[PDB]
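The next block is upload-v3.txt, given as compact mmCIF, C-alpha atoms and all ligand atoms.
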```txt
# COMPACT_ATOMS: atom_id res chain seq x y z
CA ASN E 1 0.00 0.00 0.00
CA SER E 2 1.79 3.08 -1.33
CA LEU E 3 0.90 6.50 0.07
CA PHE E 4 1.72 8.41 -3.13
CA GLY E 5 1.37 5.73 -5.77
CA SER E 6 -1.34 8.02 -7.17
CA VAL E 7 1.20 10.69 -8.20
CA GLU E 8 2.06 10.15 -11.87
CA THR E 9 4.36 11.75 -14.42
CA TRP E 10 3.13 14.00 -17.22
CA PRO E 11 3.27 11.80 -20.36
CA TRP E 12 5.51 13.36 -23.01
CA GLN E 13 8.04 12.19 -25.59
CA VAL E 14 11.61 13.50 -25.58
CA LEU E 15 12.26 14.37 -29.23
CA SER E 16 15.77 15.81 -28.77
CA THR E 17 18.24 17.14 -26.22
CA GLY E 18 20.56 20.02 -27.00
CA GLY E 19 22.81 22.67 -25.52
CA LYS E 20 25.60 20.53 -23.99
CA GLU E 21 27.14 23.81 -22.75
CA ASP E 22 26.01 25.79 -19.66
CA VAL E 23 22.36 25.70 -20.80
CA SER E 24 20.82 22.40 -21.90
CA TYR E 25 17.32 21.88 -23.26
CA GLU E 26 14.89 19.06 -24.01
CA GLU E 27 12.35 19.15 -26.84
CA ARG E 28 9.18 17.45 -25.58
CA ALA E 29 5.90 16.63 -27.29
CA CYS E 30 3.54 16.80 -24.31
CA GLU E 31 0.19 15.02 -24.32
CA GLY E 32 -3.01 17.03 -23.99
CA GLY E 33 -6.34 16.00 -22.51
CA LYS E 34 -8.39 17.41 -19.64
CA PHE E 35 -6.85 20.01 -17.33
CA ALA E 36 -7.82 21.77 -14.12
CA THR E 37 -7.04 25.48 -14.46
CA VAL E 38 -7.17 28.49 -12.14
CA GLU E 39 -6.78 32.00 -13.57
CA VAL E 40 -5.33 34.74 -11.35
CA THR E 41 -5.04 38.38 -12.41
CA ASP E 42 -3.82 41.61 -10.80
CA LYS E 43 -1.34 39.72 -8.61
CA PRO E 44 2.39 38.95 -8.92
CA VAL E 45 3.37 35.47 -10.05
CA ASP E 46 4.84 34.67 -6.63
CA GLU E 47 1.57 35.56 -4.88
CA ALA E 48 -0.69 34.16 -7.60
CA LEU E 49 0.53 30.60 -6.98
CA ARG E 50 -0.15 30.93 -3.25
CA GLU E 51 -3.83 31.62 -4.03
CA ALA E 52 -4.35 29.35 -7.05
CA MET E 53 -2.51 26.17 -6.11
CA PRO E 54 -4.38 25.29 -2.85
CA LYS E 55 -7.61 25.39 -4.86
CA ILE E 56 -6.12 22.79 -7.21
CA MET E 57 -4.83 20.63 -4.37
CA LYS E 58 -8.17 20.80 -2.56
CA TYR E 59 -9.94 19.65 -5.74
CA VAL E 60 -7.83 16.50 -6.20
CA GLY E 61 -8.04 16.07 -2.41
CA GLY E 62 -11.78 15.37 -2.43
CA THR E 63 -13.38 18.81 -3.03
CA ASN E 64 -15.42 17.59 -5.98
CA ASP E 65 -18.96 16.38 -6.64
CA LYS E 66 -17.92 12.73 -6.28
CA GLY E 67 -15.94 13.57 -3.13
CA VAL E 68 -13.04 11.33 -4.17
CA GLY E 69 -9.30 11.76 -4.23
CA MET E 70 -7.66 11.84 -7.64
CA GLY E 71 -3.92 11.69 -7.15
CA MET E 72 -2.01 14.25 -9.18
CA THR E 73 0.32 14.78 -12.12
CA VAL E 74 3.83 16.21 -11.88
CA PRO E 75 5.03 18.66 -12.91
CA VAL E 76 2.39 21.30 -12.21
CA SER E 77 2.67 23.85 -15.01
CA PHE E 78 1.39 27.42 -14.96
CA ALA E 79 1.33 30.02 -17.73
CA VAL E 80 3.18 33.33 -17.34
CA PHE E 81 3.06 36.21 -19.82
CA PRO E 82 6.23 38.25 -20.47
CA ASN E 83 6.50 41.87 -21.52
CA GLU E 84 9.07 43.08 -24.04
CA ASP E 85 11.59 43.64 -21.22
CA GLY E 86 11.23 40.02 -20.07
CA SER E 87 9.38 40.91 -16.87
CA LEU E 88 6.23 38.95 -16.06
CA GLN E 89 2.78 40.53 -16.06
CA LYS E 90 0.55 40.15 -12.99
CA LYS E 91 -1.42 37.44 -14.84
CA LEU E 92 -1.21 33.70 -14.17
CA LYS E 93 -3.08 30.54 -15.14
CA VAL E 94 -2.43 27.10 -13.66
CA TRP E 95 -2.46 24.11 -16.05
CA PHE E 96 -2.71 21.01 -13.85
CA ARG E 97 -3.20 17.90 -15.98
CA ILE E 98 -5.83 15.41 -14.81
CA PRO E 99 -4.43 11.96 -13.92
CA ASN E 100 -4.85 9.44 -16.71
CA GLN E 101 -7.41 7.24 -14.95
CA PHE E 102 -9.61 10.35 -14.57
CA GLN E 103 -9.06 11.72 -18.10
CA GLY E 104 -12.26 10.02 -19.27
CA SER E 105 -14.75 11.86 -17.05
CA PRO E 106 -13.02 14.19 -14.58
CA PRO E 107 -14.92 14.78 -11.34
CA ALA E 108 -16.46 18.24 -11.33
CA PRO E 109 -14.80 20.81 -9.05
CA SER E 110 -16.81 22.03 -6.08
CA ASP E 111 -14.97 25.37 -6.20
CA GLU E 112 -16.15 27.31 -9.25
CA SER E 113 -12.73 28.98 -9.56
CA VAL E 114 -11.39 25.57 -10.60
CA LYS E 115 -12.43 24.97 -14.22
CA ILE E 116 -12.01 21.64 -16.00
CA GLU E 117 -10.79 22.60 -19.47
CA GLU E 118 -9.46 20.64 -22.44
CA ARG E 119 -6.31 21.32 -24.46
CA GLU E 120 -4.47 19.66 -27.31
CA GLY E 121 -0.94 18.30 -27.20
CA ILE E 122 1.90 20.80 -27.47
CA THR E 123 5.64 20.75 -28.09
CA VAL E 124 7.86 22.63 -25.65
CA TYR E 125 11.55 23.41 -25.23
CA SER E 126 12.46 22.88 -21.57
CA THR E 127 15.43 23.93 -19.47
CA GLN E 128 15.89 22.91 -15.84
CA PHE E 129 17.26 24.41 -12.62
CA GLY E 130 17.01 23.66 -8.92
CA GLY E 131 16.15 25.45 -5.70
CA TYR E 132 13.10 27.45 -4.71
CA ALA E 133 12.10 29.45 -7.77
CA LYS E 134 10.99 33.10 -7.79
CA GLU E 135 9.86 35.45 -10.56
CA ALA E 136 13.41 36.63 -11.29
CA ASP E 137 14.57 33.01 -11.55
CA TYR E 138 12.05 31.94 -14.21
CA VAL E 139 12.87 35.05 -16.25
CA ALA E 140 16.63 34.47 -16.12
CA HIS E 141 16.36 30.86 -17.31
CA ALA E 142 13.78 31.73 -19.96
CA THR E 143 16.28 34.25 -21.34
CA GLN E 144 19.18 31.78 -21.18
CA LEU E 145 17.03 29.28 -23.10
CA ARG E 146 15.95 31.80 -25.75
CA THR E 147 19.63 32.64 -26.27
CA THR E 148 20.61 29.00 -26.81
CA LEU E 149 17.70 28.48 -29.21
CA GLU E 150 18.78 31.52 -31.24
CA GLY E 151 21.05 30.34 -34.04
CA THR E 152 19.18 27.02 -34.44
CA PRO E 153 16.11 26.10 -36.54
CA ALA E 154 14.03 26.29 -33.36
CA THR E 155 10.82 28.34 -33.51
CA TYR E 156 8.90 29.27 -30.35
CA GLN E 157 6.05 31.54 -29.31
CA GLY E 158 6.87 34.83 -27.62
CA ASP E 159 3.64 36.04 -26.02
CA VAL E 160 3.34 33.16 -23.52
CA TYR E 161 5.40 30.38 -21.98
CA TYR E 162 4.97 27.92 -19.11
CA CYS E 163 6.74 27.29 -15.81
CA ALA E 164 6.72 23.86 -14.18
CA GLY E 165 7.40 22.61 -10.66
CA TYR E 166 7.93 19.02 -9.54
CA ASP E 167 7.98 19.44 -5.75
CA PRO E 168 5.61 20.79 -3.08
CA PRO E 169 6.67 23.92 -1.16
CA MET E 170 7.62 21.64 1.76
CA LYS E 171 10.23 19.51 -0.06
CA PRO E 172 13.51 21.48 -0.05
CA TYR E 173 16.01 18.85 -1.21
CA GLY E 174 16.67 18.26 -4.89
CA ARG E 175 13.93 20.47 -6.28
CA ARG E 176 13.31 20.68 -10.02
CA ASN E 177 11.97 23.72 -11.86
CA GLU E 178 11.54 24.04 -15.61
CA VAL E 179 10.69 26.70 -18.19
CA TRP E 180 8.73 25.56 -21.25
CA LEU E 181 8.80 27.60 -24.46
CA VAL E 182 5.86 26.61 -26.67
CA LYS E 183 7.01 25.61 -30.15
CA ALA E 184 5.36 27.16 -33.21
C1 LIG E 201 2.91 27.21 -3.69
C2 LIG E 201 2.04 26.40 -4.27
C3 LIG E 201 1.38 25.34 -3.49
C4 LIG E 201 0.51 25.49 -2.45
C5 LIG E 201 0.03 26.80 -1.87
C6 LIG E 201 0.14 24.19 -2.02
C7 LIG E 201 -0.76 24.00 -0.97
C8 LIG E 201 -1.25 22.75 -0.66
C9 LIG E 201 -2.39 22.51 0.13
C10 LIG E 201 -3.24 23.56 0.80
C11 LIG E 201 -2.57 21.16 0.20
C12 LIG E 201 -3.66 20.44 0.94
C13 LIG E 201 -4.88 20.38 0.02
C14 LIG E 201 -6.04 19.68 0.69
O1 LIG E 201 -6.14 18.43 0.65
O2 LIG E 201 -6.91 20.36 1.28
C15 LIG E 201 -1.54 20.57 -0.55
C16 LIG E 201 -1.40 19.21 -0.71
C17 LIG E 201 -0.42 18.68 -1.53
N1 LIG E 201 0.44 19.32 -2.33
FE1 LIG E 201 0.56 21.18 -2.53
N2 LIG E 201 0.76 23.26 -2.77
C18 LIG E 201 1.53 23.88 -3.68
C19 LIG E 201 2.34 23.34 -4.68
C20 LIG E 201 2.58 21.99 -4.78
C21 LIG E 201 3.44 21.39 -5.72
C22 LIG E 201 4.25 22.13 -6.75
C23 LIG E 201 3.40 20.02 -5.50
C24 LIG E 201 4.16 19.00 -6.23
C25 LIG E 201 3.90 18.77 -7.52
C26 LIG E 201 2.51 19.80 -4.41
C27 LIG E 201 2.20 18.56 -3.89
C28 LIG E 201 1.18 18.39 -2.96
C29 LIG E 201 0.77 17.05 -2.52
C30 LIG E 201 1.36 15.74 -2.97
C31 LIG E 201 -0.23 17.23 -1.65
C32 LIG E 201 -0.95 16.13 -0.91
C33 LIG E 201 -2.44 16.08 -1.24
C34 LIG E 201 -3.13 15.47 -0.05
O3 LIG E 201 -2.46 15.01 0.90
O4 LIG E 201 -4.38 15.43 -0.02
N3 LIG E 201 1.99 21.01 -4.04
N4 LIG E 201 -0.80 21.56 -1.14
```
Would you give me this structure, written as structure tokens?
Amino acid sequence: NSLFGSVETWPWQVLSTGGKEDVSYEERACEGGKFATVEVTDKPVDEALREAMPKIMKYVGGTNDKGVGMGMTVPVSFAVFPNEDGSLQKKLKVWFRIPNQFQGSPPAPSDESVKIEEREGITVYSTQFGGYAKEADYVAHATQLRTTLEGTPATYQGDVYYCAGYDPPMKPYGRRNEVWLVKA
């Protein structure tokens, strides 16, 4: 009897790895399906997660019409929107993917802020870094990734990208954070 055998990995396919220098990247075709999203506006990215994420964790924790736990999917991605100077607007949207055994008919969220949405599969360029991430940290690694991708046939969107986290705020050791640039 495993306590967290319900936590599963986001299913994607590693198409290529690159960089090999100070900045490495992975090209991933990530599967779509149903998602639980929470939109937060007029709040910094650091403070948006502190309001949005507990709504997501309560949902998969039994705050749904069936009143059942659902496990979860790691990493938990959220969308940030950069200005022309690289800084992040006060807008945020969580993109938590429903576990596979609940992709068929996701339980409906009791909190109306949590919206079950559906998205198609996307391809992302991902770079990784450790520690507890802040707004300045996501920006710096997004820029270091854009720089590495410049000079290659890579093509990515510029109005939006995603940030991913693999560990709860409690787990300090060996954390993983990623920045996903959506391919176009
Ligand atoms: C800063 C953002 C986060 C906040 C504020 C947060 C907050 C919480 C809260 C309030 C719960 C309890 C929910 C409930 O059952 O009522 C919880 C549970 C949990 N969180 Fe998070 N969390 C965050 C990010 C993460 C991340 C990134 C992960 C790892 C992917 C994670 C993993 C978990 C797990 C595994 C549970 C256990 C669920 C349960 O025991 O029912 N959390 N979190």
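Picture a line from CA of residue 6 (chain E) to atom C8 of ligand LIG 201 (chain E); it runs 16.1 Å.
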Per residue of chain E within 10 Å of ligand LIG 201 (chain E), what are the shortest atom pair and its distance in Å to one decimal, counting all atoms listed in the file, with rows by chain and residue number, as CSV?
```
residue,atom,partner,partner_atom,distance
E:3,CA,E:LIG201,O3,9.2
E:4,CA,E:LIG201,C30,7.3
E:6,CA,E:LIG201,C30,9.2
E:7,CA,E:LIG201,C30,7.3
E:8,CA,E:LIG201,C25,9.8
E:9,CA,E:LIG201,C25,9.9
E:46,CA,E:LIG201,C1,8.2
E:47,CA,E:LIG201,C1,8.5
E:48,CA,E:LIG201,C1,8.7
E:49,CA,E:LIG201,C2,5.2
E:50,CA,E:LIG201,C5,4.4
E:51,CA,E:LIG201,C5,6.5
E:52,CA,E:LIG201,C5,7.2
E:53,CA,E:LIG201,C3,4.8
E:54,CA,E:LIG201,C10,4.2
E:55,CA,E:LIG201,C10,7.4
E:56,CA,E:LIG201,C13,7.7
E:57,CA,E:LIG201,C13,4.4
E:58,CA,E:LIG201,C14,4.0
E:59,CA,E:LIG201,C14,7.5
E:60,CA,E:LIG201,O4,7.2
E:61,CA,E:LIG201,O1,4.3
E:62,CA,E:LIG201,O1,7.1
E:63,CA,E:LIG201,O2,7.9
E:69,CA,E:LIG201,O4,7.4
E:70,CA,E:LIG201,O4,9.0
E:71,CA,E:LIG201,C33,7.5
E:72,CA,E:LIG201,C30,7.2
E:73,CA,E:LIG201,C25,7.1
E:74,CA,E:LIG201,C25,5.1
E:75,CA,E:LIG201,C25,5.5
E:76,CA,E:LIG201,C25,5.5
E:77,CA,E:LIG201,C22,8.6
E:96,CA,E:LIG201,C25,9.4
E:164,CA,E:LIG201,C22,8.0
E:165,CA,E:LIG201,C22,5.0
E:166,CA,E:LIG201,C25,4.5
E:167,CA,E:LIG201,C24,3.9
E:168,CA,E:LIG201,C23,3.4
E:169,CA,E:LIG201,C1,5.6
E:170,CA,E:LIG201,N3,8.1
E:171,CA,E:LIG201,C24,8.7
E:175,CA,E:LIG201,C22,9.8
E:176,CA,E:LIG201,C22,9.7
E:177,CA,E:LIG201,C22,9.4
```
Output file for the selection above: C-alpha atoms, as an mmCIF file, in the coordinates of the input:
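again37.cif, freshly written:
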```cif
data_model
loop_
_atom_site.group_PDB
_atom_site.id
_atom_site.type_symbol
_atom_site.label_atom_id
_atom_site.label_comp_id
_atom_site.auth_asym_id
_atom_site.auth_seq_id
_atom_site.Cartn_x
_atom_site.Cartn_y
_atom_site.Cartn_z
ATOM 1 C CA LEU E 3 0.900 6.500 0.070
ATOM 2 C CA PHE E 4 1.720 8.410 -3.130
ATOM 3 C CA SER E 6 -1.340 8.020 -7.170
ATOM 4 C CA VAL E 7 1.200 10.690 -8.200
ATOM 5 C CA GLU E 8 2.060 10.150 -11.870
ATOM 6 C CA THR E 9 4.360 11.750 -14.420
ATOM 7 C CA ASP E 46 4.840 34.670 -6.630
ATOM 8 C CA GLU E 47 1.570 35.560 -4.880
ATOM 9 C CA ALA E 48 -0.690 34.160 -7.600
ATOM 10 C CA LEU E 49 0.530 30.600 -6.980
ATOM 11 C CA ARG E 50 -0.150 30.930 -3.250
ATOM 12 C CA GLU E 51 -3.830 31.620 -4.030
ATOM 13 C CA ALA E 52 -4.350 29.350 -7.050
ATOM 14 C CA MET E 53 -2.510 26.170 -6.110
ATOM 15 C CA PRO E 54 -4.380 25.290 -2.850
ATOM 16 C CA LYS E 55 -7.610 25.390 -4.860
ATOM 17 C CA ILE E 56 -6.120 22.790 -7.210
ATOM 18 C CA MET E 57 -4.830 20.630 -4.370
ATOM 19 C CA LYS E 58 -8.170 20.800 -2.560
ATOM 20 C CA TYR E 59 -9.940 19.650 -5.740
ATOM 21 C CA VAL E 60 -7.830 16.500 -6.200
ATOM 22 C CA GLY E 61 -8.040 16.070 -2.410
ATOM 23 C CA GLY E 62 -11.780 15.370 -2.430
ATOM 24 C CA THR E 63 -13.380 18.810 -3.030
ATOM 25 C CA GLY E 69 -9.300 11.760 -4.230
ATOM 26 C CA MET E 70 -7.660 11.840 -7.640
ATOM 27 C CA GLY E 71 -3.920 11.690 -7.150
ATOM 28 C CA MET E 72 -2.010 14.250 -9.180
ATOM 29 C CA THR E 73 0.320 14.780 -12.120
ATOM 30 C CA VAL E 74 3.830 16.210 -11.880
ATOM 31 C CA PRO E 75 5.030 18.660 -12.910
ATOM 32 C CA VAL E 76 2.390 21.300 -12.210
ATOM 33 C CA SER E 77 2.670 23.850 -15.010
ATOM 34 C CA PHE E 96 -2.710 21.010 -13.850
ATOM 35 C CA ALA E 164 6.720 23.860 -14.180
ATOM 36 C CA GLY E 165 7.400 22.610 -10.660
ATOM 37 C CA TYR E 166 7.930 19.020 -9.540
ATOM 38 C CA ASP E 167 7.980 19.440 -5.750
ATOM 39 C CA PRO E 168 5.610 20.790 -3.080
ATOM 40 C CA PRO E 169 6.670 23.920 -1.160
ATOM 41 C CA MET E 170 7.620 21.640 1.760
ATOM 42 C CA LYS E 171 10.230 19.510 -0.060
ATOM 43 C CA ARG E 175 13.930 20.470 -6.280
ATOM 44 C CA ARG E 176 13.310 20.680 -10.020
ATOM 45 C CA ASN E 177 11.970 23.720 -11.860
#
```
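The smallest atom-to-atom distance between residue 82 (chain E) and any of E:148, E:103, E:37, E:157, using only C-alpha atoms, is found for E:157.
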When you count only C-alpha atoms, which of these residues is closest to residue 41 (chain E): E:94, E:135, E:101, E:121?
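For residue 41 (chain E), the nearest of the candidates is E:94.
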9 Å contact set for residue 32 (chain E), all atoms listed in the file, chain neighbours under 6 positions out, as a count of residues only:
7
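Comparing the minimum interatomic distances between residue 109 (chain E) and each of E:26, E:137, E:65, E:84, counting all atoms listed in the file, we find that E:65 sits nearest.
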What separation in Å, quoted to one decimal, exists between CA of residue 150 (chain E) and CA of residue 87 (chain E)?
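One can read the CA of residue 150 (chain E) to CA of residue 87 (chain E) distance as 19.6 Å.
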Do you know which residues are at most 10 Å from residue 66 (chain E) counting only C-alpha atoms, after dropping those on the same chain fewer than 6 positions away, and could you put them as a list in words?
residues 106, 107, 108, 109 and 110 of chain E
So that I can look at just that part, could you write region 79-99 of chain E with N, CA, C and O atoms, as a tab-separated table (two decimals), in the first residue's frame?
```tsv
chain	number	residue	atom	x	y	z
E	79	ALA	N	1.01	29.14	-16.62
E	79	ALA	CA	1.33	30.02	-17.73
E	79	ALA	C	1.64	31.43	-17.23
E	79	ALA	O	0.84	32.02	-16.51
E	80	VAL	N	2.79	31.95	-17.63
E	80	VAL	CA	3.18	33.33	-17.34
E	80	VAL	C	3.32	34.07	-18.66
E	80	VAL	O	3.60	33.48	-19.71
E	81	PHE	N	3.11	35.38	-18.61
E	81	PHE	CA	3.06	36.21	-19.82
E	81	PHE	C	4.10	37.31	-19.75
E	81	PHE	O	3.97	38.23	-18.93
E	82	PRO	N	5.15	37.26	-20.57
E	82	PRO	CA	6.23	38.25	-20.47
E	82	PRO	C	5.97	39.50	-21.30
E	82	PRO	O	5.34	39.47	-22.35
E	83	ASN	N	6.49	40.61	-20.78
E	83	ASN	CA	6.50	41.87	-21.52
E	83	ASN	C	7.68	41.87	-22.48
E	83	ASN	O	8.38	40.86	-22.64
E	84	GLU	N	7.93	43.00	-23.14
E	84	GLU	CA	9.07	43.08	-24.04
E	84	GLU	C	10.39	43.16	-23.30
E	84	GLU	O	11.43	42.82	-23.87
E	85	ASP	N	10.38	43.59	-22.04
E	85	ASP	CA	11.59	43.64	-21.22
E	85	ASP	C	11.82	42.35	-20.44
E	85	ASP	O	12.67	42.32	-19.55
E	86	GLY	N	11.07	41.29	-20.74
E	86	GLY	CA	11.23	40.02	-20.07
E	86	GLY	C	10.48	39.88	-18.76
E	86	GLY	O	10.26	38.75	-18.32
E	87	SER	N	10.10	40.99	-18.13
E	87	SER	CA	9.38	40.91	-16.87
E	87	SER	C	8.00	40.29	-17.08
E	87	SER	O	7.43	40.33	-18.17
E	88	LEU	N	7.47	39.71	-16.00
E	88	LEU	CA	6.23	38.95	-16.06
E	88	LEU	C	5.06	39.82	-15.62
E	88	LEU	O	5.12	40.45	-14.56
E	89	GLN	N	4.01	39.84	-16.43
E	89	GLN	CA	2.78	40.53	-16.06
E	89	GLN	C	2.18	39.89	-14.81
E	89	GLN	O	2.51	38.76	-14.43
E	90	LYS	N	1.27	40.63	-14.18
E	90	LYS	CA	0.55	40.15	-12.99
E	90	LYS	C	-0.59	39.21	-13.35
E	90	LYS	O	-1.63	39.20	-12.68
E	91	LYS	N	-0.42	38.39	-14.39
E	91	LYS	CA	-1.42	37.44	-14.84
E	91	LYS	C	-0.85	36.03	-14.76
E	91	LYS	O	0.33	35.81	-15.06
E	92	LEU	N	-1.68	35.07	-14.34
E	92	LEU	CA	-1.21	33.70	-14.17
E	92	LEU	C	-2.38	32.75	-14.37
E	92	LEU	O	-3.52	33.06	-14.04
E	93	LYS	N	-2.08	31.58	-14.94
E	93	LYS	CA	-3.08	30.54	-15.14
E	93	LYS	C	-2.43	29.19	-14.92
E	93	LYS	O	-1.46	28.84	-15.60
E	94	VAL	N	-2.96	28.43	-13.97
E	94	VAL	CA	-2.43	27.10	-13.66
E	94	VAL	C	-2.94	26.11	-14.70
E	94	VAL	O	-4.09	26.20	-15.15
E	95	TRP	N	-2.09	25.16	-15.09
E	95	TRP	CA	-2.46	24.11	-16.05
E	95	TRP	C	-2.08	22.76	-15.43
E	95	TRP	O	-1.06	22.16	-15.78
E	96	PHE	N	-2.91	22.30	-14.50
E	96	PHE	CA	-2.71	21.01	-13.85
E	96	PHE	C	-3.40	19.93	-14.67
E	96	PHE	O	-4.62	19.99	-14.88
E	97	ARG	N	-2.64	18.94	-15.13
E	97	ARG	CA	-3.20	17.90	-15.98
E	97	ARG	C	-3.88	16.83	-15.13
E	97	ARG	O	-3.33	16.39	-14.12
E	98	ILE	N	-5.07	16.43	-15.55
E	98	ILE	CA	-5.83	15.41	-14.81
E	98	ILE	C	-5.11	14.08	-14.90
E	98	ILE	O	-4.57	13.74	-15.97
E	99	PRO	N	-5.04	13.29	-13.82
E	99	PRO	CA	-4.43	11.96	-13.92
E	99	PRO	C	-5.14	11.10	-14.96
E	99	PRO	O	-6.33	11.26	-15.23
```
